[PDB]
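We just call them A, B and C in the order they show up, numbering each chain from 1.
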Amino acid sequence: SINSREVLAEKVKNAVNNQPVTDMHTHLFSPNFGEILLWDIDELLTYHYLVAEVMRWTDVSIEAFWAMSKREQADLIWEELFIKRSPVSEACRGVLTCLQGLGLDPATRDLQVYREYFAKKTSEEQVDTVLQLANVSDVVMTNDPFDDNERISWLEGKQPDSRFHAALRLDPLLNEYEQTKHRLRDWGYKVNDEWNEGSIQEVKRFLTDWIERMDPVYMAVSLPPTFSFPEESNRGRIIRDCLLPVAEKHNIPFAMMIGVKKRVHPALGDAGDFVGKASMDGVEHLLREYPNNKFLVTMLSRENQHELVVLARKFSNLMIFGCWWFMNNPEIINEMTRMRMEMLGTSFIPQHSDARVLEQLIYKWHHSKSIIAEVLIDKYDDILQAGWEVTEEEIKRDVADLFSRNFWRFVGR
Amino acid sequence: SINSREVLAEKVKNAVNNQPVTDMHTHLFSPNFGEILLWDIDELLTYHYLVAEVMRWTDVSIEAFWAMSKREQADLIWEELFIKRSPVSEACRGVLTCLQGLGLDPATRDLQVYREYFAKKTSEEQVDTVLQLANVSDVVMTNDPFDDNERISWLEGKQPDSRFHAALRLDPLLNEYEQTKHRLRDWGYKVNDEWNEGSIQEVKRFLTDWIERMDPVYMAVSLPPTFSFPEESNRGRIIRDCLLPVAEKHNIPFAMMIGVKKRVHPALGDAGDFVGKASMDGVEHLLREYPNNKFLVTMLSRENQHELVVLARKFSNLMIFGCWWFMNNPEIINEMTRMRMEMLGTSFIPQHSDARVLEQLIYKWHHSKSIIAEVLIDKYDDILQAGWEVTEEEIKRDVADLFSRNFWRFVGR
Amino acid sequence: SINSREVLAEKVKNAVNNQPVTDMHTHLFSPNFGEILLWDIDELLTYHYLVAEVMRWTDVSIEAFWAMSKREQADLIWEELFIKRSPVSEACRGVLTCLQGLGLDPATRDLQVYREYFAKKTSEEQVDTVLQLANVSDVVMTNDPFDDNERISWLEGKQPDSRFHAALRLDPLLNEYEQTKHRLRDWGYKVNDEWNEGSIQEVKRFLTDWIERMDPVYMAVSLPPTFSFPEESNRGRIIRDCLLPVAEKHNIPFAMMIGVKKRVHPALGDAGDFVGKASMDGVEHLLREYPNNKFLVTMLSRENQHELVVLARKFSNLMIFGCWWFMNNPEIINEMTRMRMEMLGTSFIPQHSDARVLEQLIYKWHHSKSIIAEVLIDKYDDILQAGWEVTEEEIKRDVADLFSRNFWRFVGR
């Protein structure tokens, strides 16, 4: 038996730390895909989270910033966010956690010595190291066929190694059909000006072709705060007539990441997206009217979090996951995870890294696991208090569900 | 349930704070004995501990000090030890704890106002107040029949109320028999020039008459660092032929307070006593050779404390008690209480107040309980972390033993 | 009027760190006295404390040690105590604190670079640097007229600058009179074979001559555990008939450092002295029988510390000081300072450095001040809890007393 919270805490932390992670959403790529996989300290420092933060302090114009080299941008951000002010933000703290995890010494602030660590290694070797340090067993990528570069890799016959899984990302198709439909035809998809049977069949054929090629764990899309469904728009029709029917046939979940208001500040590039609270109506309708379809949902607005949890209590075909983007901060991760566990027990996926740079797997999982561990400790302590006898083996089981099994069980893999 | 140091701390502190205390050695007297019972702020300030301390600072002569009135003495000490220097010593801190405990605010340093509180109250009322505030149920006195003022009270029928118990103090008889024997014969006890049957029987008769009149919980004596037993001396023969036989007969324990070197500085009066390490040979012999006699022991030298604990491990008829006088300081109370618990568990009496002024019951027990609580928390947490179940009921039981039951169980009442 | 614990700790540590220190016992000398003033890393590393410690490790014989040069000894000690084993002992920790305080960096472990720092400075410059860093305003030397080198200097005019003060050390006179009276005769002091009026006056004359030449703040002597008084020995007679009367006439305190057992291991030189517990009988008699004399006392045995504190409670003509030699270790300094403040408030002198090497003032005072601040904080906090509120001015007053005013007020200078 575990007769003290102090021992419980030790056992929970060990279980959480030792549990291999299935990161169901990132922007990483299998090493064999090439340069598309970003990594190293200069990439860490130029993460768009830090671009947005440095612009709040630096007097260097954004145009000038984009004009300088990768190394130069990294030097500015380091100096502005780490030296001129203490690197206390979550994103800056993350950079330090990565350095320490790699065996480097943040206390020296010797950026050139840090850069030297990476220069003497290959992509293949760094992924081996990072996956080991972050104890991540499986990585789900974001695979967009509309991106020429990435698309070439799939066209070439490249296959991700066993540690990487594909996810068919469809923002262009579902959100910019009017402009995208012209590319589909360039590829042999006979989509017509009007939405008839021929257009529907060709879109599905498109979806089906890529599903066969990537063997994705799910199809995904990021939607605006004004997302609605049903809706008489290209998106509404594509989802109704093509995506859902196909998703059902192949029994693959549809991942919806709702809440993002793209480019409210275009000059900032990837760092220029905002957020807004969304209506739950469309998700409510999708879940109810399509019981044979599986939905993975994460929302961007803090104000959408609690009702999303309640919606999960209503529908079993809904699997909520992670603390996305602006939600990926300790104060928010903590409240989200507690609301979720209190109303759903362990039937949810608490987190994903959303890593854009390989090394971030270290900090994203380190910072998140410690928070998740604290929550589990409280919840286990409360039932131990109620006389329940939790075993270390049950704790390991629960932890496996949260960090890995719940995802594979839901996707059916 | 109690499953963390944090929960444990709360329960222990609560149980300790709520446990009614039996103070087994004090210099307080049941209120009906008259002015011999000292109380109020001026008495607190003139406690001999503060007399010793003020003389290290004041340019006022010790002879001039004794010549001043009580209020003048109090004003000087207050001025010298509280105003001219921060009152950080244990005895000065204690005065402050009493004031606060009575609802008076030390923040104001308004001595005239503190005094008004006492003036509008009687001895009987202050006793009620203090016993309630210090949560002391029983007070054991020090009753010296050789003191003319004390002896007349007992002979004239004075008897303590239920909250006060007597202890027959015998220092003059055991340590000054050559002078004291003449007083015994003046009182009708035919002690002879030589230690013969007649002398032995009359001394026994003296002890029996006083036991019947006082119904003492024990007979006591303070002894010098040079104490020895067996010993061919008046003390050695009185203890062997008179005290031990009488104590066994009435099943009354014999309390020995060892290590005091009386009057090394005569001019300081009650404040002129020093300390010295004693040999354990005498105590060891008494315990081994008189298995049917009970011994309460407390020693004055810091260097005697560890071996006294080991001696208790050897003899069940030895019950050690308190952190006496110069031992009654936080640093020492802590080490003594920990060594005691580690080697004796709960089979000892951790403390007594030795209160000379009524209000001291407040600070003596509050200062001690906080330290004793901390020790218990450490000790209970060590076994809790080891897998042991500690219930709030077992804590109250143990705390009751330490602060009350152990004493009464030992005295046989 | 501080009411929060965080602010209290802040002000206390500030007062302690800002308070200019009077180091009332050292083995340092005014820089103008010449080579006699030891300084630099080589001196710090060869301090006899480290000699004793390296011998427990190194296979190099003591004779070989003494045979090698100073720089060679320093190299062995550095290697044996800092490189082969972590420098965790108090003495080794001290060397490090010194190097760091001077702006040097222990992280590099570059002994040669450290040495270069000292090579570019003069003795007068380093004392300026060290006295400023250790914030020491007054240094009391140990001046022995029996040492040829030192004696010639006092005779050849030499005078210390205003920052250094003299203390007349009399070990040879009080402890080796039989062999010393012959030198007294060589100096014009015709002591008689027997102890009579002539001998008494010539010894007095000797003391008075040196008192006028050195103008010492006190006369001192280190005594063995067997020290007794009164005593029919040269030491007993000299102290009774010469030292005390002269000390009183000049109102000069008599400093006794009791407990050292000289040269139990002669081959270790200054590192060959041992320790033993002393009887308090002689000190008690001195204080009681000579109320017009002032005594400064420090003892070497851990086991004498508590009773010495109690003796201070008895006699105001006793001022206890420092944590001497084998007592100058954190664990002991802590228990000693707490026992003292608990029974004496602020009426004592907590520490002295005993510096034999100039730079030691940095570590000696940095290590002790942090401990004394801790004790003060706890004690101030305890009365704060009782409702008493101190002002920042009273704290500075108290701190000044402990680190400087108590000493000067006691010697009457």
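The definition used in the following text is that a contact is a pair of C-beta atoms (placed from the backbone, for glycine too) under 8 Å apart; a residue touches a chain by one contact, two chains touch by 3 or more.
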item	value
Chain centroid nearest the full-protein CA centroid	C
Chain located farthest away, centre of chain C as origin (C-alpha)	A
Whole-Å gap between the CA centroids of chain A and chain C	67
Distance from chain B to chain A - Cα centre to Cα centre, in angstrom	70
Computed distance of Cα centres, chain C from chain B, in Å	39
Interfacial residue positions of chain B with respect to chain A in the complex	1, 3-7, 384-385, 387-389
Touch list for chain C against partner chain B, complex	1, 280, 284, 288, 303, 306-307, 310-316, 335, 338-339, 341-347, 376, 379-380, 382-383, 386-390, 394-395, 397-398, 401
Residue numbers on chain B that touch chain C, as the complex places them	52-53, 55-57, 81, 85-90, 92-93, 96-97, 99-100, 105-107, 109, 264-265, 268, 271-272, 274-277, 301-303, 326, 329-332
